[PDB]
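Okay, here we've got a single chain as structure tokens, the form solved without the ligand, with questions on binding and movement later.
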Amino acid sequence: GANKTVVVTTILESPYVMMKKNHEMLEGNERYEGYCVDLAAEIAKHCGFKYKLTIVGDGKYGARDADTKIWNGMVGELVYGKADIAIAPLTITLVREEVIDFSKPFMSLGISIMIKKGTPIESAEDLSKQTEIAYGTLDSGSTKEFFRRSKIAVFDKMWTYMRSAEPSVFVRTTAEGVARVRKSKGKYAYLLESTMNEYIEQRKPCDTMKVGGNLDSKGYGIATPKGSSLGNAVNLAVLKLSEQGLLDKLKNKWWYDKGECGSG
């Protein structure tokens, strides 16, 4: 690509990055809109670099293959030198922090439960103590790894069920998990991050609900290859945007409730 241009890896995930209406006649960064598109523009302005948004080739967030030890997803693109920075809903985790750098967080989230409205589930404990309602997570992301690694009794029990459930309770994209909730007549619940849960809850057909408290507490960060010279300025830019109120403004914009569900 062009010299001095920062390659940004990101992922198609609403409302963080979405294809604009009529994107097929657009070019470059103008094809895309969303929270992370606006955030990328703000970060680049404060840090003084030009950049190219690139959608992660395999469509994944990032997991390490237990056998090959190879990273996939956006994490892999950073580790193996395909991208200079990830600006995406990429969760800060211990295993990732060991291999890439993360800015201070720009958005809070926790794992949460999505049900079809009326499902008799109020908590993770509820899910773990029954079998009529199946439940699962996104593949190749931090939610699945959380359950795989957890020694907390309820979550360990949930993982033991999910890992062996047939047919697979895992999905390839957030959209597939939501569709499965909507089409399973209450017999599937989807474990996903509270940010995405709350976005979908305010979208037609208004048939999903977040139930219970969040299962953990963490955040998204802007990620760079370990030791990258970009890390320092990006981190200071995140904190400046936080303190100016602009991260709150951006959340309000992209989670804006136009009233598709009820009064608004």
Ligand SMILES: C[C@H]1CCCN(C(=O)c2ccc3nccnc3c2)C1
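The numbering used is simple: start at 1 and walk along the sequence shown.
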{"item": "Greater mean Cα temperature factor according to the PDB record, 116-124 or 134-142", "value": "116-124"}
{"item": "Stretch with the greater mean C-alpha B-factor as recorded in the entry, comparing 204-212 against 64-72", "value": "64-72"}
{"item": "Out of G110, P167, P89, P105, highest CA B-factor residue", "value": "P167"}
{"item": "Largest Cα B-factor, entry values, listed residues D84, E193, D156, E97", "value": "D156"}
{"item": "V7, C-alpha B-factor rank within chain (lowest, middle or highest third)", "value": "middle"}
{"item": "For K52, the third of its chain into which the C-alpha B factor falls", "value": "middle"}
{"item": "Third of the chain's Cα B-factor distribution that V79 belongs to, per the entry", "value": "middle"}
{"item": "B-factor third for the C-alpha atom of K218 within its chain", "value": "lowest"}
{"item": "Chain thirds of CA B-factor: placement of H46", "value": "middle"}
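Just so you know, the form solved in complex with the ligand exists too; it's not on screen, but the next bit is about it.
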query: 4.5 Å heavy atom contact, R180 and the ligand in the deposited complex; finding: no
query: Any non-hydrogen atom of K82 within 4.5 angstroms of the ligand in the deposited complex; finding: no
query: In the deposited complex, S128 touching the ligand (heavy atom, 4.5 Å); finding: yes
query: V154 within 4.5 Å of the ligand in the deposited complex, heavy atoms; finding: no
query: Residues within 4.5 Å of the ligand in the deposited complex, restricted to 185-212 and counted by heavy atom; finding: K185, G186, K187
